Amino acid sequence: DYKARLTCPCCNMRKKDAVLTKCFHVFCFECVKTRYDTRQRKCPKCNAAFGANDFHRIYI
Amino acid sequence: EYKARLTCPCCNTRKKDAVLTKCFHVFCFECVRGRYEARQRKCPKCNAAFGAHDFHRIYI
Amino acid sequence: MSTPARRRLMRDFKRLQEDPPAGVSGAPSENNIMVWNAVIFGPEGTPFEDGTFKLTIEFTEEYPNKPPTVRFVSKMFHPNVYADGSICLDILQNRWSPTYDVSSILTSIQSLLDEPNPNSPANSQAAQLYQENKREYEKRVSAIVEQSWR
Amino acid sequence: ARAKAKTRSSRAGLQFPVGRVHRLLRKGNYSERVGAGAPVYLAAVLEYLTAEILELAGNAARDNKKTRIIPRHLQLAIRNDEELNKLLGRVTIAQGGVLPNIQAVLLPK
Amino acid sequence: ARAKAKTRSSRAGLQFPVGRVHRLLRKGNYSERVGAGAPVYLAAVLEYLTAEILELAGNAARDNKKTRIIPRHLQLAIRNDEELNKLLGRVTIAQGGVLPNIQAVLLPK
Amino acid sequence: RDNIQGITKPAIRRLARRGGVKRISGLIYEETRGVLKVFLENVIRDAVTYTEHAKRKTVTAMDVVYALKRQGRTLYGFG
Amino acid sequence: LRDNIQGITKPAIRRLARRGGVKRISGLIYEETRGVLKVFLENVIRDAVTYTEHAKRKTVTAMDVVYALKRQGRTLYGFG
Amino acid sequence: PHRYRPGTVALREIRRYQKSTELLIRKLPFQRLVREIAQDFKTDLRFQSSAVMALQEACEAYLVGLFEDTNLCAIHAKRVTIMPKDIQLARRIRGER
Amino acid sequence: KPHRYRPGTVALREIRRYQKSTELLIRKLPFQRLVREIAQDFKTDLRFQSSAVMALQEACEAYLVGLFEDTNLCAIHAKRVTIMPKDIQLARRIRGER
Amino acid sequence: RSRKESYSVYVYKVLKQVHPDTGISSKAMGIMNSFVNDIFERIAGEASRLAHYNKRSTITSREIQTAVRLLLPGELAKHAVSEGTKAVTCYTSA
Amino acid sequence: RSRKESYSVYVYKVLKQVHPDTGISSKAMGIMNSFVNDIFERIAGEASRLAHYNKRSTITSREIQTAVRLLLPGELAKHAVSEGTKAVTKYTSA
DNA sequence: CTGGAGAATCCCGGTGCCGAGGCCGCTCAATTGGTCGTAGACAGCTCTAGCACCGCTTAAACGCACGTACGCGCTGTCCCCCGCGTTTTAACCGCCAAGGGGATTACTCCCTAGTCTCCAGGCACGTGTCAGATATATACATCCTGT
DNA sequence: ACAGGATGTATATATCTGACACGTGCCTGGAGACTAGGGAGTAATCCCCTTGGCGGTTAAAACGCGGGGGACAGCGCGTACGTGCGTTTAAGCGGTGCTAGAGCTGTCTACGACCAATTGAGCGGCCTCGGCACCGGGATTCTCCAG
Ligand SMILES: [Zn+2]
Ligand SMILES: [Zn+2]
Ligand SMILES: [Zn+2]
């Protein structure tokens, strides 16, 4: 339960360490980096757009 | 240890569910709103100053 | 067990086994786990009632980051399906999310079955028949339902 | 009296003019004959590129707390994206300026 | 039984073919109509450029004491003349080699 | 005549500053105002040939844009 | 056909450098020379294969290679 | 009185001019220079104001790019002061000389 | 007594030798193997004309020779005679390839 | 009273489609027009040149496909091809 | 049994006119053919671009001369336009 | 700095070959001659914009003095590259075999050019209002020198 | 490292303003329907050249070792370039006036596309010999080390 709770929900492989400041959802950083550099600049959860400055490293 | 890591370091009773936008430390809700309403824009961690637009809700 | 996409498909299969949504089912092809065969039941309160729709889905190793290719096997009469079974949906081309799984895909397809999207008229004939004549449209839908049982 | 006229751009789900692109292709002396789907494909590609640059420029303008896109915002958006920078590597944008960067050697220490 | 055919190249006093140039211009899809003097002018220019390079290459080969022109001689002729070097600065010549030159710093003293 | 001196030392300094230069040696102003005029000659010659082919007496911004495009220096914002 | 980049040997790279007029060569040059050559070949071969597969044939031709090179502003003479 | 050490005003100027977008050369001397250069191709030509502006945009962009390249050269030479050797090296590498 | 040249003399001699000849400097068969390996990533089971492979090899050698001339100029500018990867990186960055 | 063509209207619709509440300067519109014309020229010239290589007299969607693959780099090319294919399929179906 | 055209004959005649006692290799002839094709393509493209710029539908000698002036540098351009004018004048007189 | 030894380079001569060069069908591409539709040359009117000038402000270029930070020369060192001999590897040449695929030709059919009609999207023209620049008084961060 | 003064620098508020986003008349170019023909998709067949394999020679690659030369760090000196301030200077802005030429329109004629018939010149093939690369041998020269 706790593992899945604190694991990134889109990949479910590794740990949450990033927040998208537009929608304030939390994902893991490299999912975010990949969706950006592959130009799907869109929130996986709430479908909100974001730029290079709307996501940052977080530590939980 | 999971509950301890998930709990705020200010009160050590309540879940960490909010971050401070410029310094990016994660704390509780009423802990930061009480500090702000008491005019202490002051991090217990990194002592940073903040304003009314420098905090927002975050959900797991 | 080798790839994250394969493992994601493994959880997809186990969730479909343990708690499938209403009127849907799925299984891998025996010799190719990338191939997914699914059966969808027509939504209640819709002309697609009593339908047993066969589905085939093809994945690659970059799942869940990309929407897969989903194709109807039985003949279908839906404004948003091409004559071959090509499927044009929001989560399938435009607003795919890696959090979505095969169960979510099947539920979304079943939702489309009730609510065709007018912005994607893949079958122009079906779109027109839905748009101005519901009676013969649902007659056609009953025809494809009785045809899907074989 | 024939039928309600529908534009090819509307038929293809695009905002760019398919007919105008077709006219430019046929008048631009590129080839003796022009296919039916060629203007559709070209208009779609142009629309996608325009949308991409506009989206990045809007993000850049928002990052400066402005609501109007200017050549400076366009320049920032193009030069901050690696693929757009590669596509427009030999293009000068009037009144666009440059990206703010300083070599680490020059910085005081 | 009209008249003895005089080639347009002979009329213009050129060795290069004017008819072939005209056919390539008309077939090359450059414009829908082609003037009468355009193939003549183009053939003259091509002939002059060919003559210039051939003369330089022949001089280079005679310098090396050979009687045939090879790609090495062509490369030497091209890279030695400043005008031709500027004209063909982005051109690779197969089996051409390079100009023999060594920076003065490297030489011992 | 003698208009090359209009490209002043402070103007060159601020161009270098935009380029990112910390300090500039004193022999650069003469070098750069020669480089500039070489570049200008190359562009203006093509622009003027375009104009005279068009049988005009005024050089137009579109002619300048064409001349720049002929050198792989496409410029946006003038037509 | 795996790990063939090592076929571009150290003596071959030195010969290329000598033709370039290089007197002394550092020991680290070889790796980025391999990398630069690999980048150049990927850039050219991608366009060549694009031309070939657009022509609907399975054979890459010297004509396609020349076209790809010309598309990069480095036209090559002597191959048609 | 107050006195800034050399290198601080220069850094401030770099930050300032890398943020703004105006023309860094005075308009009239540049116009006179263009008219002077163009007069050796044909006499008494006329220019559009937009044409002169396009020329100035191109010239400033070219010079700024050249100065970035020459700064890279100077840094490569273990220096911080650019010198005409640096400009010559940049020009030669870019194939303009 | 063994005879040894001073370090640099034979280097200059071989610069003179290779700046006079025009043969290909990379070994043809390994170059062809490398080309096929690189092309394997875009379309499987491709076939290549021998002339196409030769054209590729000629273009690459010309490109590398030009790059090395630029690198040598950069190294000399740095007041040294040995070329190091920073020189290649500077040359490629100035030419606009990186 | 000459009539001159530009892409201003379509650029404006695309802008309000992407950023619903963002404007654009007049000078930026000129740059967008120049960019659109430049990309159109590049793609059309490359497609025509391809058709000439293959001894063909008609520019169809295949040449535009290949020209986009040749010009646009990487992920841009991938997405552009995806968009063009979708538009062509939509146009043929309707 | 397709037939392909080249400029080998004319290049050889020009060589015999310039150096009467000099030969040329087969591979050098290929380079000359490629050079001629390259220059032809350059000048034709530039002339077509001029014609499009001036809203003209015909490629005349004036466009060819202007394109030669644009491409060829300096004294080479002067001599080239001189030969072109001489040839066109002789052709018109004939 | 001035001479021999040695290795590298240059010059001369005979030889064999294969690639350049001339010769012969012949077939298609260049030539010749009308024909006609129109694109471009040319005269004329206009009114837009480029050129020229004058006066006032003041922002900017100019010139001087100082000091200090950086360019440059000199020196030591040591390590990393080069020259070389020996051994190992695989490039290369020669030959042989199978066949995949490139290069033609025929046939047809469907897709695109061309034409006529029409009507609605987009363009020039007006117009008010809000995004943004500017002036001003702040709170705050940053450099510089003394500590 | 630390702290306070001085100077750019970020911040919030108020205000003008002029450029942009919306609305409207209208007009011309895109859409619809139709017809005609040829561009190309498809199938079939031929044979070229590409891939694959095998074996012998040997040239080039790999390894190792000794040495020395050049990259690099460090130090000292001097000069020239940044910084600041006082003094020109002319860029810039406004306002006005003039007219040259860009730009459009309307006429009209030479000129290039098109067609059909004719022929000769360039292409493919096919000999043929000499320019040149190569192997041997002699003469010359550059570089290094001892003097
Ligand atoms: Zn994740
Ligand atoms: Zn979200
Ligand atoms: Zn708390």
# chains A, B, ... in the order shown; residues from 1 in each chain; ligands from 1
$ residues_near_ligand --ligand "ligand 1" --cutoff "10 Å" --atoms "only C-alpha atoms (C1' of nucleotides) and all ligand atoms" --output "number ranges by chain"
A: 7-18, 26-34; C: 98-99
$ write_last_selection --atoms "C-alpha atoms" --output "PDB file, in the first residue's frame"
ATOM      1  CA  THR A   7       5.640   5.444  -6.156  1.00  0.00           C
ATOM      2  CA  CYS A   8       5.078   7.547  -9.289  1.00  0.00           C
ATOM      3  CA  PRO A   9       1.560   6.666 -10.508  1.00  0.00           C
ATOM      4  CA  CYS A  10       2.152   6.852 -14.261  1.00  0.00           C
ATOM      5  CA  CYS A  11       5.168   4.532 -14.322  1.00  0.00           C
ATOM      6  CA  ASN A  12       4.744   2.686 -10.988  1.00  0.00           C
ATOM      7  CA  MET A  13       8.430   1.810 -11.144  1.00  0.00           C
ATOM      8  CA  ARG A  14      10.156   4.505  -9.082  1.00  0.00           C
ATOM      9  CA  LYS A  15       9.683   7.187  -6.513  1.00  0.00           C
ATOM     10  CA  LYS A  16       7.850  10.518  -6.575  1.00  0.00           C
ATOM     11  CA  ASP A  17      10.335  13.384  -6.730  1.00  0.00           C
ATOM     12  CA  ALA A  18       8.762  16.128  -8.849  1.00  0.00           C
ATOM     13  CA  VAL A  26       3.464  14.971  -8.078  1.00  0.00           C
ATOM     14  CA  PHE A  27       5.267  12.554 -10.392  1.00  0.00           C
ATOM     15  CA  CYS A  28       8.786  11.244 -10.673  1.00  0.00           C
ATOM     16  CA  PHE A  29      11.284  13.548 -12.315  1.00  0.00           C
ATOM     17  CA  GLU A  30      12.348  11.495 -15.323  1.00  0.00           C
ATOM     18  CA  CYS A  31       8.804  10.767 -16.458  1.00  0.00           C
ATOM     19  CA  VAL A  32       8.399  14.540 -16.525  1.00  0.00           C
ATOM     20  CA  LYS A  33      11.682  15.107 -18.346  1.00  0.00           C
ATOM     21  CA  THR A  34      10.767  12.515 -20.966  1.00  0.00           C
TER      22      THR A  34
ATOM     23  CA  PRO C  98       0.290   6.454 -19.009  1.00  0.00           C
ATOM     24  CA  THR C  99      -1.834   6.010 -15.871  1.00  0.00           C
TER      25      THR C  99
END
$ residues_around --residues "residue 64 of chain K" --least-positions-apart "6" --cutoff "12 Å" --atoms "only C-alpha atoms (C1' of nucleotides)" --output "number ranges by chain"
E: 25, 34-46; F: 53; K: 40-51, 58, 70-72, 77, 80-81, 84-85, 88
$ write_last_selection --atoms "N, CA and C atoms" --output "compact mmCIF listing (two decimals), in the first residue's frame"
# COMPACT_ATOMS: atom_id res chain seq x y z
N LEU E 25 16.41 23.38 -70.00
CA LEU E 25 15.69 24.49 -69.37
C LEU E 25 14.19 24.29 -69.47
N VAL E 34 10.59 30.13 -71.92
CA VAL E 34 12.03 30.33 -71.97
C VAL E 34 12.36 31.23 -73.15
N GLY E 35 13.15 32.26 -72.91
CA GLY E 35 13.52 33.18 -73.97
C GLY E 35 14.44 32.53 -74.99
N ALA E 36 14.60 33.22 -76.11
CA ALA E 36 15.43 32.68 -77.18
C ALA E 36 16.91 32.78 -76.84
N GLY E 37 17.33 33.91 -76.27
CA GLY E 37 18.73 34.11 -75.96
C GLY E 37 19.22 33.49 -74.68
N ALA E 38 18.31 33.02 -73.82
CA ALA E 38 18.73 32.43 -72.56
C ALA E 38 19.59 31.18 -72.75
N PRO E 39 19.21 30.20 -73.56
CA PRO E 39 20.11 29.06 -73.77
C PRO E 39 21.44 29.46 -74.37
N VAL E 40 21.45 30.45 -75.27
CA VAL E 40 22.72 30.89 -75.86
C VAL E 40 23.63 31.46 -74.78
N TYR E 41 23.09 32.33 -73.94
CA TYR E 41 23.89 32.96 -72.90
C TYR E 41 24.40 31.92 -71.91
N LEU E 42 23.53 30.99 -71.52
CA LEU E 42 23.92 29.96 -70.57
C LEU E 42 25.00 29.06 -71.14
N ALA E 43 24.87 28.67 -72.41
CA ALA E 43 25.88 27.84 -73.04
C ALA E 43 27.21 28.57 -73.11
N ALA E 44 27.19 29.86 -73.44
CA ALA E 44 28.43 30.61 -73.49
C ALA E 44 29.11 30.65 -72.13
N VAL E 45 28.33 30.89 -71.07
CA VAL E 45 28.92 30.97 -69.74
C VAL E 45 29.51 29.63 -69.33
N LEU E 46 28.77 28.54 -69.58
CA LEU E 46 29.28 27.22 -69.24
C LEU E 46 30.56 26.92 -70.00
N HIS F 53 18.24 44.73 -61.70
CA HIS F 53 17.47 43.80 -62.50
C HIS F 53 16.00 44.17 -62.51
N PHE K 40 25.08 24.55 -64.13
CA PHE K 40 23.81 24.70 -64.82
C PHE K 40 22.66 24.79 -63.84
N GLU K 41 22.63 23.89 -62.85
CA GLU K 41 21.55 23.92 -61.88
C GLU K 41 21.55 25.21 -61.08
N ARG K 42 22.73 25.67 -60.66
CA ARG K 42 22.82 26.91 -59.90
C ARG K 42 22.25 28.08 -60.69
N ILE K 43 22.73 28.26 -61.92
CA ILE K 43 22.30 29.42 -62.70
C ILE K 43 20.83 29.32 -63.05
N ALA K 44 20.35 28.13 -63.41
CA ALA K 44 18.94 27.98 -63.73
C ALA K 44 18.06 28.29 -62.52
N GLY K 45 18.44 27.79 -61.34
CA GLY K 45 17.66 28.08 -60.16
C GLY K 45 17.64 29.56 -59.82
N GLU K 46 18.80 30.22 -59.93
CA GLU K 46 18.85 31.64 -59.63
C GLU K 46 18.01 32.44 -60.61
N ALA K 47 18.07 32.08 -61.90
CA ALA K 47 17.26 32.79 -62.89
C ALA K 47 15.78 32.58 -62.64
N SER K 48 15.38 31.36 -62.30
CA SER K 48 13.98 31.11 -61.99
C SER K 48 13.54 31.92 -60.78
N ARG K 49 14.42 32.03 -59.78
CA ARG K 49 14.07 32.80 -58.59
C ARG K 49 13.90 34.27 -58.93
N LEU K 50 14.76 34.80 -59.80
CA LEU K 50 14.58 36.18 -60.27
C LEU K 50 13.25 36.35 -60.99
N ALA K 51 12.93 35.42 -61.88
CA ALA K 51 11.68 35.53 -62.63
C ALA K 51 10.49 35.53 -61.69
N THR K 58 8.86 34.45 -67.90
CA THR K 58 9.79 34.06 -68.96
C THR K 58 11.21 34.24 -68.47
N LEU K 70 25.26 37.42 -60.00
CA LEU K 70 25.06 37.07 -58.60
C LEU K 70 25.97 35.93 -58.16
N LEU K 71 26.14 34.92 -59.01
CA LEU K 71 26.93 33.75 -58.62
C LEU K 71 28.43 34.01 -58.76
N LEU K 72 28.88 34.28 -59.97
CA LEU K 72 30.31 34.38 -60.22
C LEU K 72 30.90 35.61 -59.54
N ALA K 77 33.13 36.95 -63.07
CA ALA K 77 31.81 37.37 -63.50
C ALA K 77 31.89 38.34 -64.67
N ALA K 80 32.68 36.34 -67.74
CA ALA K 80 31.56 35.48 -68.10
C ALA K 80 30.46 36.28 -68.79
N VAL K 81 30.10 37.44 -68.24
CA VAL K 81 29.06 38.23 -68.88
C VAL K 81 29.54 38.77 -70.22
N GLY K 84 29.05 35.94 -72.60
CA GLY K 84 27.63 35.73 -72.84
C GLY K 84 27.05 36.77 -73.79
N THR K 85 27.39 38.04 -73.57
CA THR K 85 26.91 39.09 -74.45
C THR K 85 27.44 38.91 -75.86
N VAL K 88 25.47 35.98 -77.51
CA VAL K 88 24.08 36.27 -77.84
C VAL K 88 24.02 37.27 -78.99
$ closest_atom_pairs --of "chain H" --to "chain E" --cutoff "12 Å" --atoms "only C-alpha atoms" --output "JSON lines"
{"residue": "H:94", "atom": "CA", "partner": "E:89", "partner_atom": "CA", "distance": 12.0}
{"residue": "H:95", "atom": "CA", "partner": "E:89", "partner_atom": "CA", "distance": 8.6}
{"residue": "H:96", "atom": "CA", "partner": "E:86", "partner_atom": "CA", "distance": 9.7}
{"residue": "H:97", "atom": "CA", "partner": "E:86", "partner_atom": "CA", "distance": 9.8}
$ residues_near_ligand --ligand "ligand 2" --cutoff "9 Å" --atoms "only C-alpha atoms (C1' of nucleotides) and all ligand atoms" --output "PyMOL selection string"
chain A and resi 20-26+42-49
$ interface_residues --of "chain M" --to "chain K" --cutoff "9 Å" --atoms "only C-alpha atoms (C1' of nucleotides)" --output "ChimeraX atom specification"
/M:122-124
$ write_last_selection --atoms "N, CA, C and O atoms (P, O5', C5', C4', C3', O3' and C1' of nucleotides)" --output "PDB file, in the first residue's frame"
ATOM      1  P    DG M 122      27.312  16.271 -81.716  1.00  0.00           P
ATOM      2  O5'  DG M 122      27.092  15.341 -80.436  1.00  0.00           O
ATOM      3  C5'  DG M 122      25.812  15.278 -79.823  1.00  0.00           C
ATOM      4  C4'  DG M 122      25.455  13.855 -79.421  1.00  0.00           C
ATOM      5  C3'  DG M 122      26.515  13.106 -78.624  1.00  0.00           C
ATOM      6  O3'  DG M 122      25.870  12.239 -77.721  1.00  0.00           O
ATOM      7  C1'  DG M 122      26.070  11.927 -80.593  1.00  0.00           C
ATOM      8  P    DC M 123      26.608  11.748 -76.386  1.00  0.00           P
ATOM      9  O5'  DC M 123      26.033  10.275 -76.171  1.00  0.00           O
ATOM     10  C5'  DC M 123      24.691   9.983 -76.537  1.00  0.00           C
ATOM     11  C4'  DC M 123      24.500   8.492 -76.749  1.00  0.00           C
ATOM     12  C3'  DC M 123      25.469   7.605 -75.984  1.00  0.00           C
ATOM     13  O3'  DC M 123      24.815   6.412 -75.597  1.00  0.00           O
ATOM     14  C1'  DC M 123      25.738   7.234 -78.295  1.00  0.00           C
ATOM     15  P    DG M 124      25.434   5.492 -74.436  1.00  0.00           P
ATOM     16  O5'  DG M 124      25.668   4.089 -75.159  1.00  0.00           O
ATOM     17  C5'  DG M 124      24.612   3.489 -75.890  1.00  0.00           C
ATOM     18  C4'  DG M 124      25.100   2.261 -76.635  1.00  0.00           C
ATOM     19  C3'  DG M 124      26.168   1.451 -75.918  1.00  0.00           C
ATOM     20  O3'  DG M 124      25.961   0.071 -76.160  1.00  0.00           O
ATOM     21  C1'  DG M 124      27.035   2.276 -77.970  1.00  0.00           C
TER      22       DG M 124
END
$ residues_around --residues "residue 7 of chain F" --least-positions-apart "5" --cutoff "10 Å" --atoms "only C-alpha atoms (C1' of nucleotides)" --output "short mmCIF file (atom, residue, chain, number, x, y, z; two decimals) with C-alpha atoms, in the first residue's frame"
data_model
loop_
_atom_site.label_atom_id
_atom_site.label_comp_id
_atom_site.auth_asym_id
_atom_site.auth_seq_id
_atom_site.Cartn_x
_atom_site.Cartn_y
_atom_site.Cartn_z
CA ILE F 12 31.54 48.33 -30.80
CA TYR F 29 37.87 48.52 -33.23
CA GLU F 30 39.80 48.90 -36.49
CA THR F 32 35.79 45.04 -36.59
CA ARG F 33 34.94 48.14 -38.56
CA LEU F 36 31.63 45.13 -40.89
CA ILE H 25 24.47 51.50 -33.45
CA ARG H 26 23.34 55.07 -34.06
CA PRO H 29 26.02 57.20 -39.10
CA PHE H 30 24.96 53.71 -40.16
CA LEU H 33 27.88 54.32 -44.14
#
$ interface_residues --of "chain G" --to "chain I" --cutoff "7 Å" --atoms "only C-alpha atoms" --output "JSON, numbers by chain"
{"G": [1, 2, 4, 5, 7, 8, 12, 15, 16, 17, 18, 19, 20, 21, 22, 23, 24, 25, 26, 28, 29, 32, 42, 45, 58, 59, 60, 61, 62, 65]}
$ write_last_selection --atoms "N, CA and C atoms" --output "short mmCIF file (atom, residue, chain, number, x, y, z; two decimals), in the first residue's frame"
data_model
loop_
_atom_site.label_atom_id
_atom_site.label_comp_id
_atom_site.auth_asym_id
_atom_site.auth_seq_id
_atom_site.Cartn_x
_atom_site.Cartn_y
_atom_site.Cartn_z
N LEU G 1 27.12 -7.80 -36.94
CA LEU G 1 27.81 -6.53 -37.14
C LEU G 1 27.65 -5.62 -35.93
N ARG G 2 28.37 -5.92 -34.86
CA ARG G 2 28.32 -5.10 -33.66
C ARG G 2 29.74 -4.65 -33.32
N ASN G 4 31.81 -2.21 -34.62
CA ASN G 4 32.72 -2.07 -35.74
C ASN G 4 33.38 -0.70 -35.79
N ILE G 5 33.04 0.19 -34.86
CA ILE G 5 33.66 1.51 -34.85
C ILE G 5 35.15 1.42 -34.60
N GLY G 7 37.14 -0.41 -36.08
CA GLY G 7 37.84 -0.58 -37.33
C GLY G 7 38.53 0.67 -37.81
N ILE G 8 38.09 1.84 -37.34
CA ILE G 8 38.76 3.09 -37.67
C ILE G 8 39.96 3.20 -36.75
N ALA G 12 45.19 4.83 -38.86
CA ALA G 12 44.39 5.49 -39.89
C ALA G 12 44.04 6.91 -39.49
N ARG G 15 47.05 9.01 -39.96
CA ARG G 15 47.28 9.35 -41.36
C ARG G 15 46.36 10.47 -41.81
N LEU G 16 45.09 10.43 -41.38
CA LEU G 16 44.18 11.53 -41.69
C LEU G 16 44.70 12.84 -41.11
N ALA G 17 45.18 12.80 -39.87
CA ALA G 17 45.70 14.01 -39.25
C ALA G 17 46.92 14.54 -40.00
N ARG G 18 47.80 13.64 -40.45
CA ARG G 18 48.96 14.07 -41.21
C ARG G 18 48.54 14.74 -42.50
N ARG G 19 47.56 14.16 -43.20
CA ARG G 19 47.05 14.83 -44.39
C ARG G 19 46.45 16.18 -44.03
N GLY G 20 45.94 16.32 -42.81
CA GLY G 20 45.49 17.61 -42.34
C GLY G 20 46.58 18.53 -41.84
N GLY G 21 47.83 18.09 -41.87
CA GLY G 21 48.93 18.94 -41.45
C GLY G 21 49.16 18.99 -39.96
N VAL G 22 48.83 17.92 -39.24
CA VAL G 22 48.97 17.88 -37.79
C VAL G 22 50.31 17.23 -37.44
N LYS G 23 51.07 17.89 -36.57
CA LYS G 23 52.40 17.39 -36.23
C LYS G 23 52.35 16.40 -35.07
N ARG G 24 51.77 16.80 -33.94
CA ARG G 24 51.71 15.95 -32.76
C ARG G 24 50.26 15.75 -32.36
N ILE G 25 49.92 14.53 -31.97
CA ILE G 25 48.54 14.14 -31.70
C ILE G 25 48.45 13.64 -30.27
N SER G 26 47.51 14.20 -29.50
CA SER G 26 47.28 13.72 -28.15
C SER G 26 46.65 12.34 -28.18
N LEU G 28 44.14 11.25 -26.52
CA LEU G 28 42.70 11.24 -26.35
C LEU G 28 41.95 11.57 -27.63
N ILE G 29 42.64 11.97 -28.69
CA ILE G 29 41.97 12.38 -29.92
C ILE G 29 41.12 11.28 -30.53
N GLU G 32 37.08 10.90 -29.61
CA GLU G 32 36.14 11.85 -30.19
C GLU G 32 36.24 11.87 -31.70
N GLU G 42 25.87 8.89 -39.30
CA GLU G 42 24.44 8.80 -39.03
C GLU G 42 23.68 9.89 -39.75
N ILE G 45 23.67 8.92 -43.60
CA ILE G 45 22.98 7.68 -43.91
C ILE G 45 21.49 7.79 -43.63
N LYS G 58 15.16 -1.56 -52.11
CA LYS G 58 15.92 -2.06 -50.98
C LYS G 58 17.41 -1.80 -51.10
N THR G 59 17.86 -1.15 -52.17
CA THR G 59 19.27 -0.94 -52.42
C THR G 59 19.59 0.55 -52.34
N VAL G 60 20.58 0.90 -51.52
CA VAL G 60 21.04 2.28 -51.42
C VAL G 60 22.01 2.54 -52.56
N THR G 61 21.82 3.65 -53.27
CA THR G 61 22.64 3.92 -54.43
C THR G 61 23.56 5.11 -54.19
N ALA G 62 24.68 5.10 -54.92
CA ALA G 62 25.59 6.23 -54.86
C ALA G 62 24.89 7.53 -55.22
N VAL G 65 23.36 8.69 -52.07
CA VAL G 65 24.38 9.24 -51.18
C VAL G 65 24.77 10.64 -51.62
#
$ residues_near_ligand --ligand "ligand 3" --cutoff "7 Å" --atoms "only C-alpha atoms (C1' of nucleotides) and all ligand atoms" --output "count of residues only"
10
$ residues_around --residues "residue 38 of chain L" --least-positions-apart "6" --cutoff "12 Å" --atoms "only C-alpha atoms (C1' of nucleotides)" --output "VMD selection string"
(chain E and resid 33) or (chain K and resid 57) or (chain M and resid 108 to 113)
$ write_last_selection --atoms "C-alpha atoms (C1' of nucleotides)" --output "short mmCIF file (atom, residue, chain, number, x, y, z; two decimals), in the first residue's frame"
data_model
loop_
_atom_site.label_atom_id
_atom_site.label_comp_id
_atom_site.auth_asym_id
_atom_site.auth_seq_id
_atom_site.Cartn_x
_atom_site.Cartn_y
_atom_site.Cartn_z
CA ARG E 33 8.39 30.01 -70.94
CA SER K 57 6.87 34.22 -66.50
"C1'" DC M 108 -0.71 46.60 -79.03
"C1'" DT M 109 2.91 43.70 -81.22
"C1'" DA M 110 6.60 40.55 -81.40
"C1'" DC M 111 7.64 36.21 -79.59
"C1'" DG M 112 7.57 31.62 -77.61
"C1'" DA M 113 4.66 27.17 -77.27
#
$ residues_around --residues "residue 67 of chain E" --least-positions-apart "3" --cutoff "7 Å" --atoms "only C-alpha atoms (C1' of nucleotides)" --output "NGL selection string"
(:E and (61-62)) or (:K and (22-23))
$ closest_atom_pairs --of "chain L" --to "chain G" --cutoff "10 Å" --atoms "only C-alpha atoms (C1' of nucleotides)" --output "CSV"
residue,atom,partner,partner_atom,distance
L:80,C1',G:27,CA,8.2
L:81,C1',G:26,CA,7.1
L:82,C1',G:24,CA,8.6
L:100,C1',G:58,CA,9.8
L:101,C1',G:58,CA,7.7
L:102,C1',G:57,CA,8.1
$ write_last_selection --atoms "C-alpha atoms (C1' of nucleotides)" --output "JSON list (two decimals), in the first residue's frame"
[["chain", "number", "residue", "atom", "x", "y", "z"],
["L", 80, "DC", "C1'", 52.90, 11.57, -22.30],
["L", 81, "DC", "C1'", 53.81, 11.10, -27.11],
["L", 82, "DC", "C1'", 56.95, 9.43, -30.66],
["L", 100, "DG", "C1'", 17.14, -10.98, -54.88],
["L", 101, "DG", "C1'", 16.01, -7.26, -56.70],
["L", 102, "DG", "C1'", 16.61, -3.47, -60.12]]
